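Visitor: these chains are from a complex, not moved at all, and more is on the way:
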Amino acid sequence: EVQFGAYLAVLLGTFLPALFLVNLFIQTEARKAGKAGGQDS
Amino acid sequence: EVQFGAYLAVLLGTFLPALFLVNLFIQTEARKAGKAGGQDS
Amino acid sequence: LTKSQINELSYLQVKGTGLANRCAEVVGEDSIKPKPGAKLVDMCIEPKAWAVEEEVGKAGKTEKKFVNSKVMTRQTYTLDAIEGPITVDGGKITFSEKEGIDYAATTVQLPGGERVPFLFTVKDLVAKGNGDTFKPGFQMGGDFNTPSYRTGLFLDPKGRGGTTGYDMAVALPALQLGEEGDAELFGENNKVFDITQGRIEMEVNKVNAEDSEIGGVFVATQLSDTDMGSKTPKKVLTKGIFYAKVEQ
Amino acid sequence: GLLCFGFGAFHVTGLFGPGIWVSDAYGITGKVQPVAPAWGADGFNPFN
Amino acid sequence: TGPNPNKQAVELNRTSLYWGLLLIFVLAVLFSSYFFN
């Protein structure tokens, strides 16, 4: 029936860029919190 | 021969925790850089 | 309601009501004693219950049992206006169907989501009564054949058919270009049309002599549809009521 | 405790419930039916 | 509603990152064949 290599293609192409973007957002927010003095270092 | 579901198990279990740890380290470094005044905000 | 009551109703009063499928009842049990050469001008066969032969385990043992099933087509199943000549070979009434609306496409769904289409038909019937006078307690019986559910002009989703259409699966050209080409696919490329057999057993009930009408209960077991030989057909058991009027 | 009492008295004894699955000693004929409680030493039989 | 007074930060050294990466990769190496069977 279907190709058994697509699974890897679809799942990796969905997860890896999504985690990359989540990483970018998290580090942006962490830097923003660090710049402003407060309970977060 | 081999199970065609392992591929997903092995690859996801390798990549997702690795990206999670890389995320933690990157956000820690970004917060550290934000805390210290400099060219990075 | 009887035919004498439906004839009072106009077409506008009947549309939608759903009684077009219903068979008229007969009252006033009596004996007809048909004159030889007479024939049944009208004949309605209404199935009241459908069942399909299936395998099911009761207490760790499986056996052939007829499981019930709800009909998917709405109100199509009933046959009507069947005509046939009644004759007497050795003092036995023989219906011998000749013409009339006698087939009806019908689909029924088994438990588990299985859909079983079949052609509910009475064709080339030969009844053999247990005597003469159509009188309360009469029995007819007989055998009939069922034509193919799909005729030669039908086309498969890939465009293959018996009388018309592609002889092979054009979507897969690599199956050609190889000595023994499409063979595994020959079972589906080739469309066969075979007639089946059906057994019906009709028992007569209250018979009106003034209006020359007979009514009763039938039990039929017909062979199901085979998708042009692609699948083995199933066994369908059906029971219901009937009605017929004899013209002398 | 209220929930446990309700489940035991209504949803297992079949007073206001379907019951539980009860089978034969060899697993040939088993089905769901209400079960009457056993207030005796046999109540602690694990297979009762 | 309001700013929660219980919000702290999260840290991870580079040595911790190396330990975690090594652990994940070695676990994958160990179990990959068994998953493939």
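Guide: It's in. Numbers count the residues shown, from 1 in each chain, chains lettered A, B, ... in the order given.

Visitor: residues near residue 23, how many?
Guide: I'll assume chain A. 18 (other C-beta atoms under 10 Å in any protein chain shown). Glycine gets a C-beta too; all of them are placed from N, C-alpha and C.

Visitor: my bad, chain C
Guide: Neighbours of residue C:23 using other C-beta under 10 Å come to 22.

Visitor: ok, the closest residue to chain B within chain D to residue D:21 distance?
Guide: Going by C-beta to the nearest C-beta, chain B is nearest to residue D:27 of chain D, at 31.9 Å. Distance, residue D:27 to residue D:21, using C-beta to C-beta, to the nearest Å: 11 Å.

Visitor: ditto for residue C:156
Guide: Distance from residue C:156 to residue D:21, counting by C-beta to C-beta: 47 Å.

Visitor: contacting residues around the spatially most central residue of chain D?
Guide: For chain D, the residue lying nearest the average C-alpha position, counting by C-alpha atoms, centre = their mean, turns out to be residue D:35 (3.9 Å). Residue D:35 makes contacts with D:12-14, D:19-20, D:22, as judged by C-beta atoms under 8 Å, 6 or more residues apart in numbering or on different chains.

Visitor: Using PyMOL, define a selection of the buried residues within those residues.
Guide: Written as a PyMOL command, the selection of buried residues from the contacts of residue D:35, which uses 16 or more other C-beta atoms under 10 Å in any protein chain shown, is:
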select buried, chain D and resi 12+13
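
Visitor: just how off-centre is stretch C:156-164 within its chain?
Guide: Between the centre of stretch C:156-164 and the centre of its chain there are 26 Å (C-alpha atoms, centre = their mean, to the nearest Å).

Visitor: Excluding chain neighbours, what is closest to the residue of chain E found nearest chain A?
Guide: Closest contact between chain E and chain A, by C-beta to the nearest C-beta, is at residue E:9 (4.4 Å). Nearest residue to residue E:9 in three dimensions, chain neighbours excluded: residue A:40, at 4.4 Å (C-beta to C-beta, 6 or more residues apart in numbering or on different chains).

Visitor: As chain F, please add this:
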Amino acid sequence: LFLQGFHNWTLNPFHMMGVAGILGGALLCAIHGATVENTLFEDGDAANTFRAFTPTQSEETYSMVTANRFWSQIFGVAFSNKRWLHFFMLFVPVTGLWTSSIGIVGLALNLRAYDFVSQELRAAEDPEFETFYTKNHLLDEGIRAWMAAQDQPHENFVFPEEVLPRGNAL
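Guide: Chain F goes in next, on the same frame as the chains above:
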């Protein structure tokens, strides 16, 4: 019609991207025009609001705040940055066209997204399976066979009546 019949161009994902971009561009144009025209400020006394504007104006003519609130209450998300809004308006149709062009370049080499192999098989081994996809394939075969003779006169195609694919009585 030729590209639809011979390449199944509608099934190509790049064409789908192109049509998405074009329809989104039209959507953005209409919605932005309506939003701007329906959030104008009271800058005159006549019903005709076109004469209450001067080209050498510094202040804004429509309430960005009110439009943002309206669209966030209706749709759930709204713009809050005119620069980003207009860049999005620029970006959508252009990338739609670029994706469509990539698809056409792919078609030029007959590398077309024509068939779903799995469905084609599963339909080949069972004459009861049917989807709208197989119906589209039948339409493509019909259009191709009936159009080739007159579309390509240099090939001298001659198709007898019994060869042309046709359905029932129609």
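
Visitor: The neighbour count of residue C:23 again, this time with chain F added?
Guide: Residues within reach of residue C:23, counting by other C-beta under 10 Å, total 22.

Visitor: That one against residue C:81, yeah?
Guide: No - counting by C-beta atoms under 8 Å, residue C:23 stays clear of residue C:81, with 11.8 Å between them.

Visitor: residues shared between the contacts of those two?
Guide: Counting by C-beta under 8 Å, 6+ apart, the common neighbours of residue C:23 and residue C:81 are residue C:44.

Visitor: just to revisit the earlier point, could you tell me the phi and psi values at the residue nearest to the centre of chain D?
Guide: Main-chain dihedrals, residue D:35, degrees, to the nearest 10: phi -120, psi 120.

Visitor: residue ranges of the helices in chain E, please?
Guide: Secondary structure of chain E, counting by DSSP state H: helices at E:14-36.

Visitor: which bits of it sit near chain A?
Guide: E:5, E:7-9 (C-beta under 8 Å from any C-beta of the partner chain).

Visitor: Among those, which one sits closest to residue C:131?
Guide: Of all the residues of chain E next to chain A, residue C:131 sits closest to residue E:7, with 97.9 Å by C-beta to C-beta.

Visitor: now that closest one: how far from residue B:24?
Guide: Per C-beta to C-beta, residue E:7 is found 17 Å from residue B:24.

Visitor: what does residue F:109 give?
Guide: 46 Å.

Visitor: Mind checking which of the two has more residues around it?
Guide: Set residue F:109 next to residue B:24 and count neighbours by other C-beta under 10 Å: residue B:24 wins out with 19 against 7.

Visitor: Assumed that one was part of a helix.
Guide: Yes - Residue B:24 forms part of a helix when assessed by DSSP: H, G, I helix; E, B strand; the rest coil.

Visitor: residues contacting it?
Guide: Residue B:24 sits next to E:10, E:12, E:17 when contact means C-beta under 8 Å, 6+ apart.

Visitor: throw chain G on there as well:
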Amino acid sequence: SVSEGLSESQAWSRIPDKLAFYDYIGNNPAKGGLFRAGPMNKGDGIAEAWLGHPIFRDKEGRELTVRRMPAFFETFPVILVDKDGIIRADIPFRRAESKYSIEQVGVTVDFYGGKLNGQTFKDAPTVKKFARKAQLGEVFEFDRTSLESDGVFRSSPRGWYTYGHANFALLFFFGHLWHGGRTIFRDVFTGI
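Guide: Following on from the chains above, chain G is added here:
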């Protein structure tokens, strides 16, 4: 080879298998699909041997030729024409009033120079089978089990290279446009 003087069978048997394999539509780069992944062998199977060149003759001893399908078409009817391009036989789609069916007009095949060299067939179904096979290039023997070859064609490295590189060039034209514009407008590239 006929002119120098030789039997037709041995004249056709001197053709190398490579040359006949080139004259097959499965090797046409403009025949595969975009998402049909894998090598060509996944499409037809590994070629085993040449089946030999078939020759189609009718009752009057003519030489009918099967019209080869063009590259555009994915389904092409089986049509047999003579030396002057006139229809003589075909496979009818609707066999009701067909006057050119392969059975009404008796057509025979005679393979020359191959695995089936010197063999002939007079039966109806086998002639149809071989006509459909020979509609697309030469006839070959394939192994459809080593790679689980499905029934669908695939494309060359030629087509793949051309496709990838043409698309890359088309994108890089845009890249050049944007970057050159950014060089020229450097001072203003921050706000008017």
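
Visitor: now that chain G has been added, could you go back to the neighbour count of residue A:23?
Guide: Neighbours of residue A:23 (other C-beta under 10 Å): 18.

Visitor: Kindly report the same for the one 10 residues further on.
Guide: Residue A:33 has 20 neighbouring residues, counting by other C-beta under 10 Å.

Visitor: So it sits against residue B:31, correct?
Guide: Yes - if you go by C-beta under 8 Å, residue A:33 and residue B:31 touch, sitting 6.5 Å apart.

Visitor: Show me whatever sits in contact with both of the two.
Guide: Shared contacts of residue A:33 and residue B:31 (C-beta under 8 Å, 6+ apart): A:40, E:9.

Visitor: In space, not sequence, find me the middle residue of the chain.
Guide: Since you didn't name a chain, this refers to chain A. Geometric centre of chain A, nearest residue: residue A:19, 2.2 Å, by C-alpha atoms, centre = their mean.

Visitor: The intended chain is chain F.
Guide: The centroid of chain F falls nearest to residue F:19 when counting by C-alpha atoms, centre = their mean (1.8 Å).

Visitor: Pretty sure it sits against residue F:93.
Guide: No - with contact defined as C-beta under 8 Å, residue F:19 does not count as touching residue F:93 (11.1 Å).

Visitor: residue contacts, residue G:34?
Guide: Residue G:34 is in contact with F:12, F:106, F:111-113, counting by C-beta under 8 Å, 6+ apart.

Visitor: Excluding covalently adjacent residues, which one is nearest to it?
Guide: Residue G:34's closest residue in space is residue F:111 (C-beta to C-beta, 6+ apart), at 4.4 Å.

Visitor: that older thread, name the helix or strand for the residue nearest to the centre of chain F, please.
Guide: Per DSSP states H and E: residue F:19 is located in helix F:13-37.

Visitor: Identify each buried residue in the next helix or strand after that helix, please.
Guide: The helix or strand immediately downstream of helix F:13-37 is helix F:64-74, counting by DSSP H and E. Across helix F:64-74, burial judged by 16+ other C-beta under 10 Å covers F:64, F:67-68, F:71.
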